[PDB]
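Participant: Please find one structure pasted underneath; my questions will follow.
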Amino acid sequence: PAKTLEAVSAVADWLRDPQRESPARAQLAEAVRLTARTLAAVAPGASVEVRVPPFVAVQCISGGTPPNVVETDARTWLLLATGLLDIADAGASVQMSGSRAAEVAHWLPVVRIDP
């Protein structure tokens, strides 16, 4: 929603430059939850599980726990979700399990931010 864009703006300065003031746990938690829930909305399904510990776990992409898992930290997730980082350039920071985990790439960025 409009609340997702508000939550991303509150952490955008820190995403562009980490030397800037780090957001509070509450700000980081909402920006992670709302961007992951946006991914689950634009691509409904339960083929892939996106885990961003300790803030969220969402199920997405068409087809118990899904057989495909994408696991990453809050900062990497928000860089991917805003398009500041490509999942190809992400490396070992994004851990993937299953044959279709990499399909999340077709649905990123979920919120385009100014670079």
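Residue numbering restarts at 1 in every chain; chains get A, B, ... in the order shown in the structure tokens, and ligands count up from 1 in that same order.
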If you run DSSP on the backbone, which residues of chain A are strand (DSSP E), as a PyMOL selection string?
Facilitator: chain A and resi 48-52+56-60+68-71+95-97
Participant: I'd like the neighbourhood of residue 68 in chain A as a PyMOL selection string, where a residue qualifies if any of its atoms comes within 10 Å (using only C-alpha atoms), though same-chain residues fewer than 5 positions away should be ignored.
Facilitator: chain A and resi 46-50+59-60+96-103
Participant: So which one's closest to residue 45 in chain A, A:61, A:105, A:111, A:32? Using only C-alpha atoms, please.
Facilitator: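 Closest candidate: A:61.
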Participant: Residues at most 12 Å from range 14-28 of chain A, counting only C-alpha atoms, excluding those fewer than 5 positions away in the same chain, as a count of residues only?
Facilitator: 30
Participant: Measure the distance from CA of residue 1 in chain A to CA of residue 88 in chain A in Å and round it to one decimal.
Facilitator: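 Calculated distance between CA of residue 1 in chain A and CA of residue 88 in chain A is 27.3 Å.
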Participant: Return as a PyMOL selection string the full set of residues in range 2-90 of chain A whose backbone-based DSSP assignment is alpha helix (DSSP H).
Facilitator: chain A and resi 2-16+25-42+74-82
Participant: Could you take the residues named above and write them with N, CA and C atoms, as a compact mmCIF listing (two decimals), in the first residue's frame?
Facilitator:
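Full text of part.txt as output:
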```txt
# COMPACT_ATOMS: atom_id res chain seq x y z
N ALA A 2 0.26 2.40 0.46
CA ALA A 2 0.90 3.70 0.65
C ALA A 2 1.76 3.65 1.91
N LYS A 3 1.41 2.75 2.85
CA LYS A 3 2.13 2.53 4.11
C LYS A 3 3.46 1.81 3.85
N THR A 4 3.53 0.99 2.78
CA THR A 4 4.74 0.27 2.37
C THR A 4 5.80 1.28 1.90
N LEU A 5 5.37 2.27 1.09
CA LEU A 5 6.24 3.31 0.57
C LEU A 5 6.76 4.20 1.72
N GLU A 6 5.91 4.47 2.73
CA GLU A 6 6.26 5.26 3.90
C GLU A 6 7.35 4.55 4.73
N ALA A 7 7.17 3.23 4.95
CA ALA A 7 8.08 2.36 5.70
C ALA A 7 9.44 2.19 4.99
N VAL A 8 9.47 2.21 3.65
CA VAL A 8 10.70 2.09 2.86
C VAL A 8 11.47 3.43 2.91
N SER A 9 10.75 4.58 2.84
CA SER A 9 11.33 5.92 2.90
C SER A 9 12.09 6.16 4.23
N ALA A 10 11.55 5.64 5.36
CA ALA A 10 12.12 5.75 6.70
C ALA A 10 13.46 4.99 6.85
N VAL A 11 13.78 4.07 5.90
CA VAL A 11 15.01 3.28 5.93
C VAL A 11 15.88 3.51 4.66
N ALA A 12 15.33 4.25 3.64
CA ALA A 12 15.95 4.49 2.32
C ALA A 12 17.36 5.11 2.40
N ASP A 13 17.55 6.13 3.26
CA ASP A 13 18.84 6.81 3.43
C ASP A 13 19.94 5.84 3.85
N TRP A 14 19.62 4.95 4.81
CA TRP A 14 20.50 3.91 5.34
C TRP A 14 20.74 2.80 4.28
N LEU A 15 19.74 2.49 3.43
CA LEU A 15 19.91 1.49 2.37
C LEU A 15 20.92 1.98 1.32
N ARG A 16 20.84 3.27 0.93
CA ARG A 16 21.75 3.92 -0.03
C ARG A 16 23.18 4.04 0.53
N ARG A 25 14.80 -1.07 15.37
CA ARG A 25 14.29 -2.41 15.11
C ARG A 25 12.86 -2.35 14.53
N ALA A 26 11.98 -1.52 15.15
CA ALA A 26 10.57 -1.29 14.77
C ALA A 26 10.41 -0.81 13.31
N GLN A 27 11.31 0.10 12.84
CA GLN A 27 11.32 0.65 11.47
C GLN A 27 11.75 -0.43 10.48
N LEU A 28 12.82 -1.17 10.84
CA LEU A 28 13.38 -2.23 10.02
C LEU A 28 12.39 -3.38 9.88
N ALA A 29 11.72 -3.76 10.99
CA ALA A 29 10.72 -4.81 11.11
C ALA A 29 9.51 -4.55 10.19
N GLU A 30 8.98 -3.30 10.20
CA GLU A 30 7.83 -2.91 9.37
C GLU A 30 8.21 -2.86 7.88
N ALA A 31 9.38 -2.26 7.53
CA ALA A 31 9.85 -2.20 6.13
C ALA A 31 10.06 -3.63 5.57
N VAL A 32 10.63 -4.56 6.38
CA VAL A 32 10.82 -5.96 5.97
C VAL A 32 9.45 -6.66 5.76
N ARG A 33 8.53 -6.56 6.77
CA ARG A 33 7.22 -7.21 6.74
C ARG A 33 6.33 -6.73 5.58
N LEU A 34 6.23 -5.40 5.38
CA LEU A 34 5.39 -4.84 4.33
C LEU A 34 5.93 -5.13 2.92
N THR A 35 7.27 -5.20 2.71
CA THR A 35 7.80 -5.51 1.37
C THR A 35 7.64 -7.01 1.04
N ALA A 36 7.80 -7.88 2.04
CA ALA A 36 7.63 -9.32 1.88
C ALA A 36 6.17 -9.66 1.61
N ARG A 37 5.26 -8.99 2.32
CA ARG A 37 3.82 -9.18 2.16
C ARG A 37 3.35 -8.63 0.82
N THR A 38 4.09 -7.67 0.21
CA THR A 38 3.80 -7.13 -1.11
C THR A 38 4.15 -8.18 -2.15
N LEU A 39 5.28 -8.88 -1.95
CA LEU A 39 5.74 -9.96 -2.83
C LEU A 39 4.70 -11.10 -2.84
N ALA A 40 4.20 -11.49 -1.66
CA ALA A 40 3.18 -12.52 -1.47
C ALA A 40 1.85 -12.13 -2.13
N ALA A 41 1.56 -10.80 -2.24
CA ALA A 41 0.34 -10.27 -2.88
C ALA A 41 0.43 -10.25 -4.43
N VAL A 42 1.56 -9.77 -5.01
CA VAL A 42 1.77 -9.64 -6.46
C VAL A 42 2.00 -11.02 -7.11
N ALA A 74 17.69 -8.91 6.84
CA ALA A 74 16.84 -7.73 6.64
C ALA A 74 17.41 -6.71 5.66
N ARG A 75 18.73 -6.38 5.77
CA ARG A 75 19.36 -5.39 4.90
C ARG A 75 19.38 -5.89 3.44
N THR A 76 19.92 -7.10 3.20
CA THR A 76 19.96 -7.69 1.85
C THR A 76 18.54 -7.74 1.26
N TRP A 77 17.55 -8.22 2.03
CA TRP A 77 16.16 -8.30 1.56
C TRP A 77 15.66 -6.95 1.07
N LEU A 78 15.80 -5.90 1.88
CA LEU A 78 15.36 -4.54 1.53
C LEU A 78 16.16 -3.95 0.34
N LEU A 79 17.42 -4.39 0.12
CA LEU A 79 18.19 -3.94 -1.05
C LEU A 79 17.63 -4.60 -2.32
N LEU A 80 17.26 -5.89 -2.21
CA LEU A 80 16.65 -6.66 -3.29
C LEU A 80 15.25 -6.12 -3.59
N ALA A 81 14.42 -5.94 -2.55
CA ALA A 81 13.04 -5.44 -2.63
C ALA A 81 12.93 -4.03 -3.25
N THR A 82 13.97 -3.18 -3.09
CA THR A 82 13.97 -1.80 -3.60
C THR A 82 14.75 -1.67 -4.94
```
Participant: For the atom pair CA of residue 65 in chain A and CA of residue 95 in chain A, what is the interatomic distance in Å to one decimal place?
Facilitator: 16.4 Å
Participant: Grab the CA of residue 86 in chain A to CA of residue 58 in chain A distance for me, in Å with one decimal place.
Facilitator: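 Separation of CA of residue 86 in chain A and CA of residue 58 in chain A: 19.9 Å.
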